[PDB]
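Given next are the chains, with one letter for each unit.
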Amino acid sequence: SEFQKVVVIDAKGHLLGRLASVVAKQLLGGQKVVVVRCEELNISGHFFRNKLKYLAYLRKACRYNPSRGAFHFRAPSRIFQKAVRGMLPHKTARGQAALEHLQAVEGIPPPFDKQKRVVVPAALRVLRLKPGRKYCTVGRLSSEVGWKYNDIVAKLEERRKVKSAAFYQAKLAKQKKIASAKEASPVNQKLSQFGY
Amino acid sequence: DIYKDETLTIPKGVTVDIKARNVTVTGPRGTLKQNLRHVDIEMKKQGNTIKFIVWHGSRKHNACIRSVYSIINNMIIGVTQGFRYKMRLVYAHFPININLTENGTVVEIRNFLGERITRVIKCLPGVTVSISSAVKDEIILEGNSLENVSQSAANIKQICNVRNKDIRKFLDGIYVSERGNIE
Amino acid sequence: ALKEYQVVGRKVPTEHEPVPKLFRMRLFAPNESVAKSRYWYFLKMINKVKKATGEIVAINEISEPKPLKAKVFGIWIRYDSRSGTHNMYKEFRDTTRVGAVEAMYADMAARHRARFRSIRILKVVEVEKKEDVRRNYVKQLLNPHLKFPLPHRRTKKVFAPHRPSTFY
Amino acid sequence: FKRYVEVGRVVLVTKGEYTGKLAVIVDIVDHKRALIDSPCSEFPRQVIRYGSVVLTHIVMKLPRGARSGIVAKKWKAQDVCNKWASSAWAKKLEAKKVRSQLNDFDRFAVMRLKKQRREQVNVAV
Amino acid sequence: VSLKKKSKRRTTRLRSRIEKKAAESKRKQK
Amino acid sequence: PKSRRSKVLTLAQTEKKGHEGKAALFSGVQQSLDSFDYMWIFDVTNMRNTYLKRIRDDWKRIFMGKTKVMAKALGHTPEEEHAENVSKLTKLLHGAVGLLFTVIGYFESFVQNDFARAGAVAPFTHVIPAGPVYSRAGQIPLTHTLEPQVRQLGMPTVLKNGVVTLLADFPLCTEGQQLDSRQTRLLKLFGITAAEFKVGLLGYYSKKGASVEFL
RNA sequence: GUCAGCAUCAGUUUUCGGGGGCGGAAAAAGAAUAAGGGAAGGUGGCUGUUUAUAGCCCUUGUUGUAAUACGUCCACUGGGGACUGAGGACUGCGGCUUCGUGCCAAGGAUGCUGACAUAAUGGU
RNA sequence: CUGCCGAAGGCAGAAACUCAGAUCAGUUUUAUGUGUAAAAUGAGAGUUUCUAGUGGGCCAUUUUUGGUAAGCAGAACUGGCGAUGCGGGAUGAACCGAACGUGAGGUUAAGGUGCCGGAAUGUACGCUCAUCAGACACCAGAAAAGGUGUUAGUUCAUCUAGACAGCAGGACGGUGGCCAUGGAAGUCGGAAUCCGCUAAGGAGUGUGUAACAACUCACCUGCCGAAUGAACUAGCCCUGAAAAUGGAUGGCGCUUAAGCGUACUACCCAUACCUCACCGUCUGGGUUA
RNA sequence: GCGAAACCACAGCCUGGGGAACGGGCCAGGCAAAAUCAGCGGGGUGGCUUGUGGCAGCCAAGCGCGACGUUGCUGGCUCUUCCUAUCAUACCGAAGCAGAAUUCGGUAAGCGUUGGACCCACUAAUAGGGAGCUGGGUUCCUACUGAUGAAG
RNA sequence: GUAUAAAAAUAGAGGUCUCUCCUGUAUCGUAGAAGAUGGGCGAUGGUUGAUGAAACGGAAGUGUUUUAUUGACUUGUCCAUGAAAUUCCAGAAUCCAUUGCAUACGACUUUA
């Protein structure tokens, strides 16, 4: 709980509204936020109801120049951005600057796949939803509302998980070597009465 | 109620591994895998018995215990004795032509009420279709998954359906005649 | 919170009634003032004794004799509903009569939208006999081999670095 | 690793003025509250809800509704104290407590000591 | 999204008219 | 308002007595115990009501009520039991057994044949010829007008040209095999008299002898 | 002249901590220890029973005049923070002091120190 | 330009003088029946005289009669508005607080504490899943009610003499009772609807048959071992119709709530309350050094 | 090259609300990027309501009423878009539906719903409604559409 | 201190039949006149800078490893010097020209 320049949030298993509210409060506090893996955000309510909610959202359009009408964004990252910006005073310079401090992406791009990704417990579905309750996935609602990049993200995420697993195995082996040398070192038992 | 329980005793069916609601039951006839992630219940296995346990579950969630009990029992019955569905081809004037390809996994049907069309189905996994010579125009679907065999049966019956004709007189179609096990 | 009180009272003695009878009621109220008013309206509706010509002679808070023993309390109450009349009898397992009454008030406000003034308590009695218990959930608690995992585990320090355990 | 709410399960209080203390469940009052005791004198008999405590893995034989006197008697007989400490979980908790009790001079002691721990970083080639 | 055909929010004349005519209903039943 | 199974009702107007019927049966059991003689132990079997009426005809009464209801009314303990040494007789008293007043030779010898029931074993391996159905399995010198039986059979038969025809022969019964409900129902339409009513005369609760043997 | 820091005060105020009484069923509990009673969600023993190779509940005695808990009070006390410094010789009401041009937290802030002056404050 | 006083649906003020009073009160007691008379509390009370402005209306309140599908109309009192800014109810002539000099600090009211938004993604117990949920606000128009949605209750039922259900079986014989008919055997159709047996087989609950026959229940026996059923009430939930461009619990959103109900703390701030400084008006004391 | 005038509080996007008058200013949202050109003229009062009539009697779940029942009697010519309460087309269920043709009902507004003097033809059908013009009858700016256009 | 990269479930995960989680209050790092000048003792390590070469990383590759050569500093431990009156916080394109696949004028499509 210390002020970092950039917080990378792995949005897997989170709730859209709860994560948006927490992020919107951090941006007004003046913190750069990168919400990666937005195709895994969870929304309460069963999938058919959520798709009806979204398909009702498409209905809002101008009767003159739908080019000026409401802009319906189908990407899961843009869905999260719409949720976040609705919780911000974006009509003012403060809120407009706050939006510039948020980077919502699909998947985990290489500039952010090699950085620690914290999670928000106040938005996690496992901790915040009663078991036995129906929910949906934004990355699934997006595919059946118009989003057309689901397959590429899934493929590029399988590659990323494979590479990350290889990296962790190498780091775990090095950590095992360091861990083995730990008790071999003597001061770790000689004067460890301080609790370390 | 605090503790609602169901108990299942396993026959000579070898393995009933239940890792993470993904049951993989291996028996003499074959191996069936099926997922239970849709429900949240305890599966406590001891000896030759499995206990499906729900703590503090509501009646809606308690409706799923016996359902899980039944599907696991049906899976065990499939890996031990299997399932066999027997249909009789019913035709009044036009004989119905049946073809079996890729060892019974696709059925092509012709001449149903004088059709020039070819109605093709692909059977669900674990199902094989054969024609029995004991009785004429007899179709048999044999397999291990009751759901797959019976859903294959429903697909045959619904695709061979009479349209815009008076069903009180036009009796042509394919119907399920007997349901049972291989042994 | 609530405290159980005993209120003993009588009308002011006169020539007609030199020795008025003494009326004692066991009732629950947050404080003595509410208890006295709670008693006075009860006395009005049961025995038609006016508040003006009466007086509260004794007020005594009562503490639970054995607050460290789990008990089962059956509560006979009367409800004012749309029809203005209903009778209910509930059972609560708790170590204190006050807590049982508090649980009853919370449950009734949760279920039948009942308020403190709408609920009047007839009798709160202890049921020591297991057979005399009527409620199945109370009997479930009274079974000897009761066991169950923790329900509703539910678990500033925002931005946790690791995923929650929410298990053992 | 189940941690069923039994009669006689020892538990670790995590919320309230008795945070960090060790108790044992004597009776299960209801779905959401229970009665606990402990041989330690500073912790009195009381009824506590399950949201203010985490169950441990140690189960000790204990008749239902027992008084604090024999609860201490059975606790000492089966040696529950220092059986909880034998678990690495208690070692981590007490290590955190000692680290919290630590001070600036002794923090500088830890400074030097862990520097001497990183002294070696010796790995066989 | 509202996900409704009729708005759940009410106009000020409409909300005021309820207390106008709900009271008259009690007057009539009296 | 609640997901509960519906309880349909009809206009039979034939409600039973229940507890009153049980009390009447107990009173009748006491009267039968107080009756004169012949101390029978036989109430019913797999035989039909016509067979029971025929057996009751050779008597001047077979009646037991609910089984073990008369035994409960009599009482396992000899003090409650009206007869003597009834402690061992109550244990043997199970199933359909009851008293009568009119015998031994007729019960031992006269066993009229009757249609078989499920659970038993067929006396032979009954088979049914293919093609048109035979009412008496070839013993009729057999109308095929059982058109509704084609729909109500479930056997491998097709109603062709207004006549129920079986595509292939189906063995209805097999020797040494337990009789199932489907086999019993199919054999009901035919002449399967695989039954033999019997009686039990192990002992007699005589007024003077009071020797209820277990032979 | 400008801006600061600290100390001792006065007015207002917020937030922690300790000590001590006094009340209730002179808390109720509880512990320890003597009687009797009852049993279980029945332990050892042998589904059924009555502390045995676990114990529980009820009443009484005792340790006792126990503590705790709450309420309440102290003209008992220890800290932390913030806003304000109006008035302008002397009286007055008071406490120490032996009276004392005596001193004092007693009819409204003084004391010490630092930095800057081409900077800082304040105005536009 | 500033200050002070300040209405009206006979008033407010000015001047002239009474009594340091029992002299008055949008008040409450006591006594007699809203009237009158003679203790509480508050206030200094007053009389004649003249002279500006106004004499309207909207909203709600409680007392009645005439009323009707349905609202509605006419009275009396009461206040608010009008001359009134401020906090809250997303915003507002009539809703909840609060009556306003310039400032500093503290504390609140009403309403609130997921984000927009200052304040607990607090604690505790329950209810609810809605393929057009709820935040609504006597839920009053539709409103009378429907639902195999859920949770609680109230009143009657059987139940280790074996409960409900489930499978096995019996479910009969006079009799195809009598008129009725091509053909009707319990079941096209006209009154019942009796009897031998029981533990029970209804002149028969439905299907079906030209007629039959066959199956089923409603009625009993075998196995099986514990609770089960019926009628009502309460809360939430669905439904109880509504159209015409995009669409609104204020928005985003929220489902162990950020919805509904209660309980307990903590917290947020109005021009309101408290302490202080200052400005002005009024009132009172003193002032020939 | 010459060169006006009317008009002018200030201006200029829409949706829902702002008790009304909803407006452009206020509330909550969609949105929002200089400078311009040529066109065309748009912009200067119940949460009502719907499909089932009036009088009398008999019940009677229940609280003198009493529900359903039950019985008694006499304006037209062209135009953008939206709603479904669907005439046709698509797919379904029921019916003496043998076939053909057809009736009713469900999802369904994607796409059509004409030509002539209620009449007579065509058509698969000629379904119902919401938000520039003429006849007989009384004695600037903004929008829309195209066209350029400085700029990281 | 601009320090920390598996994945997945939560009615289960991972490690060697056994063990661990039950939150980062963790781990890495952390002295020095803002990091000075020397002396030893102990280890071949750490910080690594500079270059020089290998491999890897394409989702926005914002970088990763591997080294090599060296120049450094090497708190690993133990000693000696100086700090202060900072004496109480602060090469292209376009115009002119041309074209007619275009065109009110711009623009466009060609030539030049």
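Per the PDB record, the structure was determined using cryo-EM to 3.1 Å resolution.

The subject of this paragraph is the overall build of chain F. Check the secondary structure of chain F and you find seven helices and three strands. Taken against the 2.2 N^0.38 rule, which gives 17 Å for 215 residues, the C-alpha radius of gyration of chain F at 23 Å runs more than 25% over that of a compact globule. Here the C-alpha coordinates of chain F stretch approximately 70 × 60 × 30 Å along the principal axes.

Turning next to the overall build of chain C. Tallying secondary structure elements over chain C gives three helices and six strands in all. The C-alpha radius of gyration of chain C comes to 22 Å, more than 25% above the 15 Å expected for a compact globule of 168 residues. The principal-axis extents of the C-alpha atoms in chain C amount to approximately 80 × 45 × 40 Å. Relative to its full complement of 168 residues, chain C shows a buried share of 38%. Of the roughly 10,800 Å² that chain C leaves accessible, carbon and sulfur atoms contribute 55%. One finds the centroid of the 37 positive side-chain charges in chain C at a distance of 8 Å from the centroid of its 16 negative side-chain charges.

The subject of this paragraph is the domain arrangement of chain C. Residue and element names in this part refer to chain C. Each assigned domain of chain C is listed with its residue range as follows: domain 1 (1–67) and domain 2 (68–144). Once you take the C-alpha centre of each, domain 1 and domain 2 turn out to be 23 Å apart. Each partner contributes residues to the interface: domain 1 has 13 residues there, and domain 2 has 17 residues. Counting residues per element, the side of domain 1 that touches domain 2 draws most heavily on helix α1 (residues 32–47), which supplies four residues. Tallied by class, the residues present in the side of domain 1 that touches domain 2 amount to seven nonpolar, no polar and six charged.

Let us look at the arrangement of the chains. The protein chains that touch form eight pairs of chains, and the pair with the most contacts between them is chains C and D. Separated without contact, chain A and chain F have their nearest C-alpha atoms at a distance of 20 Å. Spatially, chain E is disjoint from chain F: no contact exists, and the shortest C-alpha separation is 26 Å.

The interface is formed by 17 residues belonging to chain D together with 14 residues belonging to chain C. Partitioned by chemical class, the residues of the side of chain D that touches chain C number nine nonpolar, one polar and seven charged.

Another point: the side chain of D172 of chain B. Along the chain, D172 of chain B turns up in the loop between α2 (146–159) and β13 (173–180). Among the polar contacts listed, one links the side chain of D172 of chain B to the backbone nitrogen of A92 of chain B, at a separation of 2.5 Å.

Attention now moves to the pattern of salt bridges. In this structure, the salt-bridge partner of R37 of chain A is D10 of chain A, at a minimum N-O distance of 2.8 Å. In this pair, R37 of chain A sits in the loop between β2 (32–36) and β3 (42–44) while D10 of chain A sits in strand β1 (residues 6–10), placing the two residues 27 residues apart along the sequence. Salt bridges sharing common partners tie together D10 and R37 of chain A together with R163 of chain C.

Residues and elements named next belong to chain A. With parallel pairing, the three strands of this open sheet are ordered in space as β1-β2-β4. Single-partner strands in this sheet number two, and they are β1 and β4 (102–104). On average, each strand axis in the sheet is tilted by 15 degrees relative to the strand beside it, whichever way the strands run. Where β1 lies against β2, five bridges are found, and the strand directions are parallel. Residue pairing in the sheet places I9 in a bridge with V35 of β2.

Notably, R37 of chain A is not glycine yet its phi reads approximately 55 degrees, a positive angle. In this structure, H152 of chain C takes a positive phi of about 55 degrees despite not being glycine. As for its placement among the helices and strands, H152 of chain C is situated in the segment after α3 (136–142).

Bringing the packing of aromatic side chains into the picture now. Both rings, one in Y41 of chain C and one in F42 of chain C, keep their centres 5.4 Å apart while their planes meet at 50 degrees; by these two values the pair is tilted. Seen in terms of ring centroids, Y18 of chain D and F43 of chain D are 4.9 Å apart; in terms of plane orientation they differ by 20 degrees. Their pairing is stacked. Here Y18 of chain D, found in the loop between β1 (9–13) and β2 (22–27), pairs with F43 of chain D, found in the loop between β3 (33–37) and β4 (46–49); they are 25 residues apart in sequence, far enough to count as distant. Lying across the ring of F73 of chain A, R78 of chain A places its NZ or CZ 4.0 Å from the centre. Over the ring of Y57 of chain A we find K82 of chain A; its NZ or CZ atom is 5.3 Å from the centre of that ring.

Each strand in a sheet pairs with its neighbour through backbone hydrogen bonds, running either in the same direction (parallel) or in the opposite one (antiparallel). Residues and elements named next belong to chain F. Pairing is antiparallel in the open sheet, where three strands are placed in the order β1-β3-β2. The two strands at the open ends of the sheet, each matched to only one other strand, are β1 (131–132) and β2 (157–160). As judged from the two bridges shared by β1 and strand β3 (residues 163–166), these two strands associate in the antiparallel manner. Note that in β3 the partner of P132 across the bridge is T165.

Glancing now at the pairing of β2 of chain D. Residue and element names in this part refer to chain D. In terms of strand pairing, β1 meets β2 through three bridges, oriented antiparallel. The partner of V10 across the bridge, within β2, is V24. Both β2 and β3 contribute to a ladder of three bridges, which runs antiparallel. Of the residues in β3, the one forming a bridge with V24 is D37.

Structurally, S185 of chain A can be placed in the loop between α8 (150–184) and α9 (187–190). Dropping the residues within four chain positions of it, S185 of chain A is found in contact with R117 and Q120 of chain D. At a separation of 2.6 Å, a polar atom in the side chain of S185 of chain A contacts the main-chain carbonyl oxygen of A181 of chain A.

Let us look at the packing of helix α1 (residues 16–29) of chain A against helix α3 (residues 76–85) of chain A. Residues and elements named next belong to chain A. Following both chains from N to C, one finds α1 and α3 inclined at 60 degrees, their axes separated by 8 Å at the closest point. Viewed along their axes, α1 and α3 adopt a mutual orientation that is oblique. For the crossing formed where α1 meets α3, the hand is right-handed. Across the interface between the two elements, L16, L19, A20, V23, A24 and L27 from α1 touch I79, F80, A83 and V84 from α3.

Structural remark: α-helix, 3.6 residues per turn; residues separated by three or four positions point the same way. Taking 1.5 Å per residue, 14 residues should reach 20 Å; helix α2 (residues 88–101) of chain D reaches 20 Å between its end C-alpha atoms and fits that length. The residue sitting at the N-terminus of α2 of chain D and contributing the capping side-chain oxygen is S87 of chain D; that oxygen lies 3.1 Å from the backbone nitrogen of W89 of chain D.

Of note, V68 of chain B is situated in helix α1 (residues 59–80). Along the sequence, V68 of chain B and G82 of chain B sit 14 residues apart, while their C-alpha atoms lie 19 Å from each other.

Conventions adopted
- Residues numbered from 1 in each chain as written, not as in the entry; some residues may be left out.
- Chains lettered and ligands numbered in written order.
- Part of a larger assembly, values for the part shown.
- Heavy atoms only, no water.
- Residues with missing side-chain atoms left out of burial classes, pairs and counts.
- Helix = DSSP H or I, 4+ residues; strand = E, 2+ residues; numbered from the N terminus.
- Rg over C-alpha atoms; globule rule 2.2 N^0.38 Å.
- Buried < 20%, exposed > 50% of the residue type's maximum accessible area, 1.4 Å probe, protein only.
- Areas by Shrake-Rupley, 256 points an atom, 1.4 Å probe, with all protein chains shown as cover.
- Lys, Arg positive; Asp, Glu negative; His and termini not counted.
- Charge placed at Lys NZ, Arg CZ, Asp CG, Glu CD.
- Domains from an automatic or database assignment.
- Contact = heavy atoms within 4.5 Å.
- Nonpolar A, V, L, I, M, F, W, Y, C, P; charged D, E, K, R; others polar.
- Polar contact = N/O pair within 3.5 Å; in protein donor to acceptor, adjacent residues only side chain to side chain.
- Salt bridge = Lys/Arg side-chain N within 4 Å of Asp/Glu carboxyl O.
- Pairing = 2+ DSSP bridges.
- Axes fitted to C-alpha atoms, helices over the stretch in contact; angles between N-to-C directions.
- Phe/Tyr/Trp six-rings, centres within 6.5 Å; stacked < 30°, edge-to-face > 60°.
- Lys NZ or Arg CZ within 6 Å of the ring centre and 35° of its normal.
- Parallel < 35°, antiparallel > 145°, perpendicular 65-115°, else oblique.
- Left-handed = near helix turned anticlockwise from the far one by under 90°.
- Expected span 1.5 Å × (residues − 1).

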